[PDB]
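Enquirer: Structure below; questions to follow.
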Amino acid sequence: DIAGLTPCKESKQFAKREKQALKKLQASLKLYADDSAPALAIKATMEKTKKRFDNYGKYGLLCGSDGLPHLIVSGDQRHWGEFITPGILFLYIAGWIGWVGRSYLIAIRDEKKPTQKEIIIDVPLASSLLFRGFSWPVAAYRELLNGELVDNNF
Amino acid sequence: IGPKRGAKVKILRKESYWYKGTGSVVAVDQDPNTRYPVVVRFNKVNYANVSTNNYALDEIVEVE
Amino acid sequence: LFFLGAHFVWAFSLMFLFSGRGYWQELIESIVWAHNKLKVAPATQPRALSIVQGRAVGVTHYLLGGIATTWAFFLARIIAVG
Amino acid sequence: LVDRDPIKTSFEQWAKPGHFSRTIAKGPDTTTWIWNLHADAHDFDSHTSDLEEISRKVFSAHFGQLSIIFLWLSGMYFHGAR
Amino acid sequence: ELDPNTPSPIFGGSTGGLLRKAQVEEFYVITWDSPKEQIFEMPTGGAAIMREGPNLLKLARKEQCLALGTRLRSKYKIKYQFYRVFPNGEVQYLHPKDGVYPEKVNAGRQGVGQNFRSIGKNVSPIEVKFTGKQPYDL
Amino acid sequence: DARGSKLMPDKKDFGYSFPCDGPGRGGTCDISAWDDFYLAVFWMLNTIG
Amino acid sequence: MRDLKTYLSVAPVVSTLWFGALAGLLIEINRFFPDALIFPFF
Amino acid sequence: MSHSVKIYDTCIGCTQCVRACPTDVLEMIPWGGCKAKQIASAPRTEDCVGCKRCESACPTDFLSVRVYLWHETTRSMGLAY
Ligand code: CLA
Ligand code: CLA
Ligand code: CLA
Ligand code: CLA
Ligand SMILES: CC1=C(/C=C/C(C)=C/C=C/C(C)=C\C=C\C=C(C)\C=C\C=C(C)\C=C\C2=C(C)CCCC2(C)C)C(C)(C)CCC1
Ligand SMILES: CC1=C(/C=C/C(C)=C/C=C\C(C)=C\C=C\C=C(C)/C=C/C=C(C)/C=C/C2=C(C)CCCC2(C)C)C(C)(C)CCC1
Ligand SMILES: CC1=C(C/C=C(\C)CCC[C@H](C)CCC[C@@H](C)CCCC(C)C)C(=O)c2ccccc2C1=O
Ligand code: SF4
Ligand code: SF4
C-alpha cells in the first residue's frame, strides 16, 4: 500500500517473476529421468520455490517494481512483524548471549589463582549460567540499573 | 601491625599502567629516608613482559 | 559469487598491510574501557597484533584474496564457450 | 618442568600453565601467546638444545601427510566412483 | 700494503669493510688480547684466525667493534680496546678514557636525567614559543 | 590522544609527526596523531568515493 | 555426577563442535520452515 | 635532543635488567642511593645511533624511547658512506 506496490493479492510484475525464471529452469525440454530415480529440479527446487503460488502465506508484502518485495515495517496495515516480531527476538537471544557473557566471567577472579581458566572452559557454555538467560524476567533490566552492577560499580 | 602498611592501594600518577586499578602492595619502606619506596603488585600485567613496579607515598592516593 | 568476496578479502589485506600497531592498541583500550564499566573484559589481557603477525595477516590474505579472484575469473571462461 | 620429571610420572600433564621460553607463559594472562604457538609451533630453537629427537619428530609429521593425501583422494576416488 | 706490514689480525679479502669516507672522516680501529689461535665470526660476513698482537684490526664505524664485544665475550677473555682514528690524529678518544666496563664508578661525566622537570605530568604542553630570555636550551 | 595514552603516556612535545617508536613494550607503531590522520585519509578516500 | 556450583572443563575449540552443530541445527529450522522473511507464530 | 628519548625509571639498577646498546650508555653514575643506586637516564650521548634496544629491557615506566633526535648526524645515521 505505502508506495511500493501492493501485496500478493495482485503484483503482476511479481507474477512475471514467478513464471519465467523458474518455469523455464523448466524448459530443458527434458533431460532424462523418465523413470529415473535421482535428478531433482523436476520435483521441488522448483515446486519448493514454486508451489509458491497465488499463495505464499499471503503475508501482505509490498512488492516494489520488478515485484520484488520491499519491507516497510511501519506498525500499520499488514506490516508489523518484519522487524519487531523478529526484532525483540534478536534482542532476547542476544543479551542472553552476553548476560551469560557477563556471567561465565563474573564468576571468577577468585580463590586460588585464576589466570587463564578461561581458555579451557569448566563447565562449557558455563552451562549452568546459561539458563539464567531465559530465566531473565527482567533480570538486568532492573538489577543492572540497581545494585550489583550498581553506580558504585560504575 | 596495628597501623596499616600494605592492605590495598589505588594508584594515581597517570603514567602507571595500572593507574587506578587497585591491587597489590608489598614491603613499603621503613625509613624517614627517600622518595621512591613502596613496591606494589596486581595481576593485570602491563605492557612489558614483567611488570610489578614501585611507587612512592606521593600522593598516593587512597583506597578511600 | 566468490569473485566478489576474495575480491574483497584482498581489499581487506591492505588494512593489515598498511597500518601501525600501537594504533589498534590505542583503540583496543577505548574498547577495554567500555568493557570494564559493565564489568566484562580484563582477564586474558587482550592485545594488538604482534608487529610481524600483522605482516603475517597481510600477505597471506593479499594472496588468498588476489589469487582466488582469478581462480574464479578463470573457471568462468573455459566452462562455457572455450 | 618438572611437572614431574623423569622417572615417576607416566601421569600426563594436562594443566598448570603451559609452556614456552622460560619466563614461561607467565602464569599471568595474555592473548599473544595464543597466536604464538600456532605460529612457531615448530621452530626448533626450543623443545631441545640438542637436535636429538627432532629428526625423530619430522619423520612422523611426514607420515601424517602421506596419510592425509591418502585420506584425501580415497575421498577423491570415492566421489569419483559413486 | 707491503712496505710496512704492521698487521696482527687475519682475513684475506672482502667487499665488506671500509670504503672511502673512512679516510675523509673519522676512522675507528679496535684492538685486543689473545691466547691460542682461534677462528672468528667478524663484522661483514665471515671470518678469520687471530693468534697475536697488537691484534689491532680497524673498522668502519663504532657499532661494529662493540658488535664484536658481544662477539668477543662469548668465547671470552678480558681485554678489548676500541679507539677512534681520524685522518689527523686525535680528539674524541673512545675507549681509552677512565676505567672501562660501564657498570662501575669512579665518576659522573654525563647524562643528568630529567631536563628541567621530571616524568610526571607533561600532560602539560610545550610552553613559551621559543624566545631568547627563558632556560629552554638544554 | 595526540597527548597520548598508556602504550604511550608521554607521547608529546612533537605531539604530531613523531612516526614510529621502538619495538618492545607491546610493539609500537603508527601511533602519532599524524599517522592516524595518515590512516584517516584512506576512509575520506572511501566515503568521498 | 555434577551437582551445584560449576563443573568440568573442555578443550580449545569445542567451538568447532558448537559452530558445527548447534548452529548446524538451524538449517534444520531453515528447511522445516524451508523459508522465512517474516514468520507466523505459536 | 640532540638525542632525547627518556628511558629513565627509578631503580636504574643494572643487574639482570639492561646493558644492550652500541656504546651510547655509560651508567653507573650513582645518585646518593636508590637500593642499587646507579641512576640517571644517561652518559653523554653524542656518539651513537637510535635503537630503543635501550629499554626493550630494564624499565622506563612512562615512555619507551625510540627514534627521536631529529637533529641528525651522519655518524648517528649509519650512512654517510
Ligand atoms: C569495510 C569496508 C568497506 C567495505 C564494506 C568495503 C567493501 C568492498 N571493497 Mg573496499 N575499501 C575500503 C573500505 C570498505 N570496502 C577502504 C577503506 C579501502 C581503502 C581506500 C578500500 C579499498 C578497496 C579496493 C582497492 C577494492 C575494494 C573492493 C571492495 C569490494 C569487494 C567486492 C565485494 O565484496 O562483493 C560483495 C559480494 C560478496 C562479498 C559475496 C560473498 C559470498 C561468498 C564470499 C561466500 C559467503 C561468505 C563466506 C563466509 C565465505 C566463505 C569462507 C568460508 C571458508 C568460511 C567490497 C564492496 C574491491 C573491489 O571489488 O572494487 C573496488 C577492490 O579491490 N576496496
Ligand atoms: C559476549 C561478549 C562480550 C561482551 C558482553 C561484549 C560487549 C561489548 N563489546 Mg565486545 N568483544 C568481545 C566479547 C564481548 N563484548 C569479543 C570476544 C571481541 C573480540 C575482540 C569483542 C570486540 C569488540 C569491539 C571491537 C568492540 C566491542 C564493543 C563492545 C561493546 C559494544 C557492543 C557491541 O556492539 O559489540 C558487539 C560484540 C562483539 C562484536 C563481540 C563479538 C564476540 C561475542 C559474540 C562473544 C560471544 C561470547 C563468547 C563465545 C564467550 C564464550 C561464552 C563463555 C561464557 C563460555 C559491548 C560493551 C565495542 C565497544 O567498545 O563499545 C562500547 C567495540 O566495537 N567488542
Ligand atoms: C574499482 C575497482 C577495482 C579494483 C580495486 C580491482 C582490483 C583487482 N582486480 Mg578487478 N575489475 C574491476 C574493478 C576493480 N578491480 C572491474 C570493473 C572489472 C571488470 C569485471 C574487473 C575485472 C577483473 C578481473 C577479470 C580480474 C580482476 C582482478 C583484480 C585483482 C588483481 C589486482 C592485484 O592484486 O594484482 C595486480 C595485478 C597485476 C600487476 C597484473 C594485472 C595487470 C594486467 C592487466 C596487464 C599487465 C601485464 C603486462 C604483460 C606487463 C606485466 C608487468 C609486470 C611487471 C606486472 C585486483 C584485486 C583479477 C585477478 O584475479 O588478478 C590476479 C582478475 O584478473 N579484475
Ligand atoms: C617442505 C617444507 C615446509 C616445511 C616442512 C616447513 C616447516 C617449517 N616452516 Mg616453513 N615454509 C615453506 C615450506 C615448509 N616449511 C614454504 C614453501 C614457505 C614459503 C611461504 C615457508 C615460509 C616459512 C616462514 C616465514 C616461516 C616458516 C617457518 C617454518 C617452521 C614453522 C612451522 C609452523 O609453525 O607452521 C606454521 C603454520 C601456521 C601457523 C598455520 C597458518 C597457515 C595460514 C597462513 C593459512 C594459509 C592460507 C590458507 C588458504 C588458509 C586455509 C583455508 C581457510 C580460508 C579456511 C617449520 C620448521 C617459520 C619459522 O619461524 O622457522 C622456525 C617461519 O614462520 N616457513
Ligand atoms: C522504536 C524504533 C526505533 C527507535 C529508536 C530510538 C529512539 C533509538 C535509541 C535507542 C537508545 C537511546 C539506545 C541507548 C540506550 C542506552 C543504554 C545505556 C543502553 C544500554 C545497555 C547496556 C549497558 C547493555 C548491556 C548488556 C546487556 C543488556 C546484554 C549483555 C550484557 C551487556 C553488557 C551486553 C528504531 C530507531 C530502533 C527504529 C524504529 C523502531
Ligand atoms: C553477519 C554475520 C556473519 C557475516 C558473514 C559475512 C558477511 C561473510 C563474508 C565473507 C566474504 C565477503 C568473503 C570471504 C571469503 C572467504 C574465502 C575466500 C575463504 C576461503 C578459501 C578457499 C577455500 C580458497 C581456496 C583456494 C585455493 C585452493 C588456493 C587459492 C585459490 C582458492 C582461493 C580457490 C557470519 C554469518 C559470518 C557470522 C555472524 C554474523
Ligand atoms: C586492523 C589491524 C589490527 C587489529 C586486528 C585485530 C585486533 C585482529 C584480531 C581479532 C581477533 C581475531 C578476534 C578474536 C575474537 C574471537 C575469536 C573470540 C570469540 C570467539 C568466537 C566464537 C567469535 C592489528 O592488530 C595490526 C597489527 C599490526 C599491523 C597492522 C594491524 C592492523 O591493520
Ligand atoms: S634501564 Fe632503566 S631501570 Fe635499567 S638501569 Fe637503566 S634506567 Fe635503570
Ligand atoms: S639505541 Fe638508543 S639507547 Fe641504545 S645506544 Fe642508541 S640511542 Fe642509546
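Residue numbering restarts at 1 in every chain; chains get A, B, ... in the order shown in the C-alpha cells, and ligands count up from 1 in that same order.
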With only C-alpha atoms counted and 9 Å as the cut-off, give the residues of chain F in contact with chain B, each with its shortest interatomic distance in Å and the pair that gives it, as a tab-separated table.
Expert:
residue	atom	partner	partner_atom	distance
F:5	CA	B:15	CA	8.2
F:6	CA	B:17	CA	6.0
F:7	CA	B:47	CA	7.0
F:8	CA	B:15	CA	8.6
F:9	CA	B:15	CA	5.6
F:10	CA	B:15	CA	8.1
F:24	CA	B:48	CA	7.4
F:25	CA	B:47	CA	5.1
F:26	CA	B:47	CA	5.6
Enquirer: Within 12 Å of ligand 6, counting only C-alpha atoms and all ligand atoms, which protein or nucleic acid residues do you find, written as a PyMOL selection string?
Expert: (chain A and resi 94) or (chain C and resi 1-13+60-75) or (chain G and resi 19+23)
Enquirer: Save out the residues we just selected, N, CA and C atoms, as a short mmCIF file (atom, residue, chain, number, x, y, z; two decimals), in the first residue's frame.
Expert:
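See out28.cif below for the written result:
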data_model
loop_
_atom_site.label_atom_id
_atom_site.label_comp_id
_atom_site.auth_asym_id
_atom_site.auth_seq_id
_atom_site.Cartn_x
_atom_site.Cartn_y
_atom_site.Cartn_z
N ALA A 94 20.35 -12.50 21.67
CA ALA A 94 21.50 -11.74 22.13
C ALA A 94 21.14 -11.22 23.54
N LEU C 1 30.04 -15.44 -7.65
CA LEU C 1 29.67 -15.25 -6.23
C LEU C 1 30.88 -15.36 -5.26
N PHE C 2 31.98 -15.93 -5.72
CA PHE C 2 33.20 -15.79 -4.95
C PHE C 2 33.83 -14.45 -5.31
N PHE C 3 34.25 -14.35 -6.58
CA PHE C 3 34.84 -13.18 -7.25
C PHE C 3 34.50 -11.81 -6.63
N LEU C 4 33.49 -11.75 -5.76
CA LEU C 4 33.23 -10.52 -5.02
C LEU C 4 33.90 -10.56 -3.65
N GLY C 5 33.58 -11.57 -2.83
CA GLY C 5 34.43 -11.91 -1.69
C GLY C 5 35.76 -12.36 -2.31
N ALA C 6 36.84 -12.38 -1.54
CA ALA C 6 38.17 -12.74 -2.08
C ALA C 6 38.68 -11.74 -3.09
N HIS C 7 37.75 -11.01 -3.72
CA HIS C 7 37.99 -9.73 -4.43
C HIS C 7 37.58 -8.67 -3.42
N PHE C 8 37.31 -9.15 -2.20
CA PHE C 8 37.03 -8.36 -1.02
C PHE C 8 38.15 -8.64 -0.07
N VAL C 9 38.46 -9.93 0.11
CA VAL C 9 39.47 -10.40 1.10
C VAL C 9 40.81 -9.72 0.82
N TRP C 10 41.25 -9.76 -0.44
CA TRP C 10 42.36 -8.93 -0.92
C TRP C 10 42.24 -7.49 -0.39
N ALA C 11 41.17 -6.79 -0.81
CA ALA C 11 40.89 -5.42 -0.34
C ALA C 11 40.36 -5.47 1.10
N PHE C 12 41.13 -6.13 1.94
CA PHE C 12 40.99 -6.13 3.39
C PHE C 12 42.42 -6.24 3.90
N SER C 13 43.29 -6.84 3.05
CA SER C 13 44.72 -7.11 3.35
C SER C 13 45.45 -5.82 3.61
N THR C 60 49.40 -13.11 3.53
CA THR C 60 48.62 -14.32 3.47
C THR C 60 47.24 -14.01 2.88
N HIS C 61 46.57 -12.97 3.39
CA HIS C 61 45.27 -12.53 2.85
C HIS C 61 45.36 -11.93 1.44
N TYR C 62 46.29 -10.98 1.26
CA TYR C 62 46.63 -10.40 -0.06
C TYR C 62 46.80 -11.45 -1.15
N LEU C 63 47.16 -12.66 -0.75
CA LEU C 63 47.35 -13.74 -1.69
C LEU C 63 46.06 -14.56 -1.85
N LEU C 64 45.50 -15.06 -0.75
CA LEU C 64 44.25 -15.85 -0.90
C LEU C 64 43.09 -14.95 -1.33
N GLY C 65 43.27 -13.65 -1.15
CA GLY C 65 42.44 -12.66 -1.83
C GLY C 65 42.85 -12.63 -3.29
N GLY C 66 43.79 -11.76 -3.63
CA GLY C 66 44.19 -11.57 -5.02
C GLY C 66 44.32 -12.77 -5.94
N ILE C 67 44.46 -13.98 -5.37
CA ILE C 67 44.59 -15.23 -6.15
C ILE C 67 43.23 -15.84 -6.57
N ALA C 68 42.39 -16.23 -5.61
CA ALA C 68 41.15 -16.96 -5.94
C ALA C 68 40.26 -16.07 -6.77
N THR C 69 40.47 -14.76 -6.65
CA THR C 69 39.91 -13.81 -7.61
C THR C 69 40.00 -14.34 -9.06
N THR C 70 41.18 -14.78 -9.48
CA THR C 70 41.30 -15.33 -10.83
C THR C 70 40.84 -16.78 -10.94
N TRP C 71 41.15 -17.61 -9.94
CA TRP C 71 40.58 -18.98 -9.83
C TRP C 71 39.10 -18.96 -10.14
N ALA C 72 38.47 -17.83 -9.82
CA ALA C 72 37.11 -17.54 -10.20
C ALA C 72 37.10 -16.97 -11.62
N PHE C 73 37.78 -15.84 -11.82
CA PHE C 73 37.91 -15.24 -13.15
C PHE C 73 38.12 -16.30 -14.22
N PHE C 74 39.12 -17.18 -14.04
CA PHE C 74 39.26 -18.39 -14.87
C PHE C 74 37.96 -19.19 -14.89
N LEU C 75 37.82 -20.21 -14.04
CA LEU C 75 36.68 -21.17 -14.16
C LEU C 75 35.33 -20.45 -14.24
N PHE G 19 30.04 -24.37 16.50
CA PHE G 19 29.72 -23.79 15.21
C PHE G 19 29.08 -24.90 14.37
N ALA G 23 24.36 -24.39 16.07
CA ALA G 23 24.21 -23.60 14.83
C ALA G 23 23.73 -24.45 13.62
#
Enquirer: Which residues are close to range 55-58 of chain A, i.e. within 10 Å by only C-alpha atoms, leaving aside same-chain residues fewer than 2 positions away? Reply as an NGL selection string.
Expert: (:A and (7-9 or 49-53 or 60-61)) or (:G and (39-40))
Enquirer: Could you give me the residues within 10 Å of ligand 4, counting only C-alpha atoms and all ligand atoms, as a PyMOL selection string?
Expert: (chain C and resi 6+52-53+56-61+63-65+68) or (chain D and resi 35-46+58+61-62)
Enquirer: Check the DSSP output for the backbone and give back, as a count of residues only, the residues of range 59-121 of chain E in helix (DSSP H, G or I).
Expert: 11
Enquirer: Leaving out residue 29 in chain F and any residue of its chain fewer than 6 positions from it, which residues lie within 9 Å of it when counting only C-alpha atoms, given as a ChimeraX atom specification?
Expert: /C:19-23,51 /F:19-23,35
Enquirer: Find the nearest atom pair between each residue of chain H and chain F for residues within 12 Å, count only C-alpha atoms, give distances in Å to one decimal, sort rows by chain and ascending number, and present the table as CSV.
Expert:
residue,atom,partner,partner_atom,distance
H:1,CA,F:13,CA,11.7
H:4,CA,F:13,CA,11.3
H:5,CA,F:21,CA,10.3
H:6,CA,F:10,CA,9.4
H:7,CA,F:10,CA,11.2
H:50,CA,F:22,CA,9.1
H:51,CA,F:22,CA,6.8
H:52,CA,F:22,CA,4.8
H:53,CA,F:22,CA,7.3
H:54,CA,F:22,CA,8.8
H:55,CA,F:24,CA,8.0
H:56,CA,F:24,CA,5.0
H:57,CA,F:24,CA,8.3
H:58,CA,F:25,CA,11.1
H:59,CA,F:25,CA,9.9
H:60,CA,F:25,CA,10.1
H:61,CA,F:9,CA,9.3
H:62,CA,F:9,CA,5.8
H:63,CA,F:10,CA,5.4
H:64,CA,F:25,CA,6.9
H:65,CA,F:22,CA,6.4
H:66,CA,F:22,CA,4.7
H:67,CA,F:21,CA,6.2
H:68,CA,F:18,CA,7.3
H:69,CA,F:18,CA,10.0
H:70,CA,F:18,CA,9.2
Enquirer: Residues within 10 Å of ligand 8, counting only C-alpha atoms and all ligand atoms: report them as a PyMOL selection string.
Expert: (chain E and resi 103+113) or (chain H and resi 6-20+25+27-28+36-42+54-61)
Enquirer: With only C-alpha atoms as the counted atoms, please give the residues lying no more than 10 Å from range 140-142 of chain A, apart from itself and same-chain residues fewer than 5 positions off, as a VMD selection string.
Expert: chain A and resid 95 99 133 147 to 149
Enquirer: Please return as a PyMOL selection string the residues found within 8 Å of ligand 2, counting only C-alpha atoms and all ligand atoms.
Expert: (chain A and resi 95+97-105+121+123-127) or (chain C and resi 28+30-35+38+40-41+46)
Enquirer: If we count only C-alpha atoms, what is near residue 56 in chain E at a cut-off of 12 Å, once residues fewer than 2 positions away on the same chain are taken out, given as a JSON list (two decimals) with C-alpha atoms, in the first residue's frame?
Expert:
[["chain", "number", "residue", "atom", "x", "y", "z"],
["E", 6, "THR", "CA", 102.09, -3.98, 10.80],
["E", 7, "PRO", "CA", 99.28, -6.47, 10.73],
["E", 8, "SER", "CA", 98.01, -8.52, 13.62],
["E", 9, "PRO", "CA", 94.52, -9.80, 12.52],
["E", 10, "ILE", "CA", 93.81, -12.15, 9.68],
["E", 28, "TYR", "CA", 87.54, 3.71, 14.20],
["E", 29, "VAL", "CA", 90.03, 0.73, 14.82],
["E", 30, "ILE", "CA", 89.56, -1.90, 17.70],
["E", 31, "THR", "CA", 92.49, -3.96, 19.32],
["E", 32, "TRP", "CA", 92.71, -6.99, 21.78],
["E", 33, "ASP", "CA", 94.40, -9.77, 24.00],
["E", 34, "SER", "CA", 94.54, -13.44, 22.81],
["E", 50, "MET", "CA", 93.74, -14.34, 15.25],
["E", 51, "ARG", "CA", 96.98, -15.63, 17.08],
["E", 52, "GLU", "CA", 98.53, -12.33, 18.42],
["E", 53, "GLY", "CA", 99.47, -8.94, 18.80],
["E", 54, "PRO", "CA", 98.80, -5.86, 18.67],
["E", 58, "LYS", "CA", 90.27, -1.44, 12.13],
["E", 59, "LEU", "CA", 86.61, -0.92, 11.46],
["E", 65, "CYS", "CA", 83.72, -3.04, 17.20],
["E", 80, "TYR", "CA", 89.01, -5.46, 24.25],
["E", 81, "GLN", "CA", 90.10, -1.91, 23.29],
["E", 82, "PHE", "CA", 88.42, 0.32, 20.59],
["E", 83, "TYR", "CA", 89.94, 3.67, 19.62]]
Enquirer: How far is it from atom 21 (C, counted along the ligand's line) of ligand 1 to CA of residue 38 in chain F, in Å with one decimal?
Expert: 14.7 Å
Enquirer: Mind pulling up the distance from CA of residue 43 in chain C to CA of residue 119 in chain A?
Expert: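 Those two atoms sit 10.5 Å apart.
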Enquirer: Compile the residues of chain A that lie within 12 Å of chain D, evaluated using only C-alpha atoms, and express the compilation as a PyMOL selection string.
Expert: chain A and resi 109+113-120
Enquirer: When the cut-off is 8 Å and we count only C-alpha atoms, which residues of chain F are near chain E, given as a PDB file with N, CA, C and O atoms, in the first residue's frame?
Expert:
ATOM      1  N   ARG F   3      48.131  13.873  22.731  1.00  0.00           N
ATOM      2  CA  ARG F   3      48.774  13.966  24.038  1.00  0.00           C
ATOM      3  C   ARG F   3      49.269  12.603  24.570  1.00  0.00           C
ATOM      4  O   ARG F   3      50.293  12.503  25.216  1.00  0.00           O
ATOM      5  N   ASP F  10      53.667   9.396  27.317  1.00  0.00           N
ATOM      6  CA  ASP F  10      54.476  10.569  27.069  1.00  0.00           C
ATOM      7  C   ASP F  10      53.954  11.486  25.983  1.00  0.00           C
ATOM      8  O   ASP F  10      54.226  12.654  26.032  1.00  0.00           O
ATOM      9  N   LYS F  12      54.615  13.184  23.551  1.00  0.00           N
ATOM     10  CA  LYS F  12      54.488  14.637  23.414  1.00  0.00           C
ATOM     11  C   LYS F  12      55.707  15.531  23.257  1.00  0.00           C
ATOM     12  O   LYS F  12      56.842  15.132  23.520  1.00  0.00           O
ATOM     13  N   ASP F  13      55.408  16.782  22.876  1.00  0.00           N
ATOM     14  CA  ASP F  13      56.368  17.871  22.534  1.00  0.00           C
ATOM     15  C   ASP F  13      56.860  17.757  21.103  1.00  0.00           C
ATOM     16  O   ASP F  13      57.779  18.447  20.674  1.00  0.00           O
TER      17      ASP F  13
END
Enquirer: Show which residues sit within 8 Å of residue 8 in chain B, as number ranges by chain. Count only C-alpha atoms, and ignore same-chain residues fewer than 4 positions away.
Expert: B: 22-25, 63
Enquirer: Could you save those same residues with N, CA and C atoms as a PDB file, in the first residue's frame?
Expert:
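Final output, saved to selection.pdb:
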ATOM      1  N   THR B  22      43.262  -1.036  41.361  1.00  0.00           N
ATOM      2  CA  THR B  22      43.926  -1.036  42.637  1.00  0.00           C
ATOM      3  C   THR B  22      44.154  -2.455  43.067  1.00  0.00           C
ATOM      4  N   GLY B  23      45.430  -2.781  43.250  1.00  0.00           N
ATOM      5  CA  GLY B  23      45.871  -4.115  43.578  1.00  0.00           C
ATOM      6  C   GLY B  23      46.861  -4.097  44.708  1.00  0.00           C
ATOM      7  N   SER B  24      48.083  -4.519  44.419  1.00  0.00           N
ATOM      8  CA  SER B  24      48.861  -5.241  45.391  1.00  0.00           C
ATOM      9  C   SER B  24      49.922  -4.313  45.864  1.00  0.00           C
ATOM     10  N   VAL B  25      49.987  -4.157  47.183  1.00  0.00           N
ATOM     11  CA  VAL B  25      51.144  -3.645  47.934  1.00  0.00           C
ATOM     12  C   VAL B  25      52.184  -4.687  48.324  1.00  0.00           C
ATOM     13  N   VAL B  63      42.604   4.333  48.110  1.00  0.00           N
ATOM     14  CA  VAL B  63      41.672   3.480  48.848  1.00  0.00           C
ATOM     15  C   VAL B  63      40.946   4.710  49.422  1.00  0.00           C
TER      16      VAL B  63
END
Enquirer: Select all residues from chain B having any atom no more than 10 Å from an atom of chain D (counting only C-alpha atoms, ignoring ligands), output as a ChimeraX atom specification.
Expert: /B:42-46,49-50
Enquirer: Would you save the residues of that selection, restricted to N, CA and C atoms, as a CSV table (one decimal), in the first residue's frame?
Expert:
chain,number,residue,atom,x,y,z
B,42,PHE,N,49.7,-6.1,41.2
B,42,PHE,CA,48.5,-6.8,40.8
B,42,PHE,C,48.7,-7.6,39.6
B,43,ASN,N,47.8,-8.6,39.3
B,43,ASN,CA,47.9,-9.5,38.1
B,43,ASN,C,47.7,-8.9,36.8
B,44,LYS,N,46.8,-7.9,36.7
B,44,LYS,CA,46.7,-7.3,35.4
B,44,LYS,C,48.1,-6.9,35.1
B,45,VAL,N,48.6,-7.3,34.0
B,45,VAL,CA,50.0,-7.4,33.8
B,45,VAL,C,50.4,-6.0,33.5
B,46,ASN,N,50.6,-5.7,32.2
B,46,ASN,CA,51.1,-4.5,31.8
B,46,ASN,C,51.8,-4.6,30.4
B,49,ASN,N,57.1,-7.5,29.6
B,49,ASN,CA,57.0,-8.9,29.9
B,49,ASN,C,56.8,-9.0,31.4
B,50,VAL,N,57.6,-8.3,32.2
B,50,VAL,CA,57.3,-8.3,33.6
B,50,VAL,C,56.9,-6.8,34.0
